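Presented below, as structure tokens, is a lone chain in the form deposited in one PDB entry.
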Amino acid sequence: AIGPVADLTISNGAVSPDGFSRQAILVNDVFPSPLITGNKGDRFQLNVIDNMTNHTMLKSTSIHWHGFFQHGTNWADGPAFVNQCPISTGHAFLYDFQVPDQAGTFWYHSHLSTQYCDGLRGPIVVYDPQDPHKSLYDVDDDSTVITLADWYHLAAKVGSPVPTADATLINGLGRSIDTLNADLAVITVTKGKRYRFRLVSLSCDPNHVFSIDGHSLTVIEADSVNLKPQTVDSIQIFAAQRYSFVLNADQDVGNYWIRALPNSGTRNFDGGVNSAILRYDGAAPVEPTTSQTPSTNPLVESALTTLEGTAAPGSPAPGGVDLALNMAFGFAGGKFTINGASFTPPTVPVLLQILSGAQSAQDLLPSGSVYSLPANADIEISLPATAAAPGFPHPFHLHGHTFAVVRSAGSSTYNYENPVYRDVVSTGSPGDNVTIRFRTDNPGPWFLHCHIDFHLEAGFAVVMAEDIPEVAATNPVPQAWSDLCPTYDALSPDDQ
């Protein structure tokens, strides 16, 4: 792997991850994007060199490090027009940040329009040399990162505004129904060894039920939060989520199917679609012939807790916080709506507006999309599921924070005692009332949006304008960030 200090060169090229080929987005010349690593505490310096020439997939770029708090470096967060102007083609831009206090499974992806779907997305791992789950396994390396990704034969701006994947990719590889021949990913295990697998959903849209024939999975991490271990059978993982699970390779030397059933496009697994291969050392070089059992024991979010059993911020009762907010989902034009307002990217990034002297949610553009948050306060946000917003279950994501999930989709219980904490949550479906809490530690504007990229493009986002008065003092910006906008605004519309 690469990093924490590395060049990330972005370019256009042809790729063929399901055996069909198309023009996509390459990172340091490879698809899928390379794994980046570091250790708890490291300074990351990722110098992102944009050499893209293809306007249809967007010449400009901007990169988000999904999961990292970025305290003091809000400018390096990534979302285009919230946290920077995009990097311009033929230019470089250095994201220089630290991760004290975090370690786990993370990923990076374009945060400009819907460009991550065209291929600028990869996993990050920050190891803890003192990992409390460490003695549960033998292997934890580049080979144990397992990515899921939806793949489309038409590019995001060429096909439907809300399309359907032709393939699912597992470690970059998988099959579409027209390509029952295409290569399969192979994950290699030695019998009697214990493995930490790090599961990252690189998905622009579908969730996936993930499961490995013949095996059970001991989940120990959610979106970079250490968990009390929780044994399961199958994991329904939503776009942008991550889980670490320990697998003990203690079954008959053989080939077993690894399955990621999407919630749309090609359901079930005929011909090894939505599939990859677990292969014990010494097993024949052949496709698995195993069967899934319906099996029980799925991951249930309301049953997970943090390894440390941390309480929700606030007091144990609905509204027991400094500010309680309710996000009412809706869909007016062909556009998603939160409390009546649809996110359109402002000309001047939200952070620059604040830095240029805007003082309140009311001065911030776009009007109706920005929420002012006070400093050092317990905040509660409820996001009641509704079919009024099509393409639910919507996985909502809060930048700059991990939050307690006080009420998970599919449950009615509220847990203030020891909830799971994570950064991406399924807002479930009619009658759910997913409710989340966090503390306002971290000054700056933080995107809070649906992680279905096509929903984001159609305006399904708000901005948590956190502790506005301390943003400028807390996030001094580097010269290069200040120059992003003047450079980007000078471009012709088809060099964008």
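From 1 onward, residues are counted along the sequence shown.
What comes next is about the form deposited with a small molecule bound, which is not displayed.
Quiz item: Just one stretch in 169-177, 269-277, 330-338, 360-368 has heavy atoms within 4.5 Å of the small molecule in the entry with it bound, so which one is it?
Solution: In the other structure, the partner sits against 330-338.
Quiz item: How about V162: is it within 4.5 Å of the small molecule in the entry with it bound, going by heavy atoms?
Solution: Answer yes; at least one heavy atom of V162 falls within 4.5 Å of the small molecule in the entry with it bound.
Quiz item: Is there any non-hydrogen atom of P390 lying within 4.5 Å of the small molecule in the entry with it bound?
Solution: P390: yes, in contact with the small molecule in the entry with it bound.
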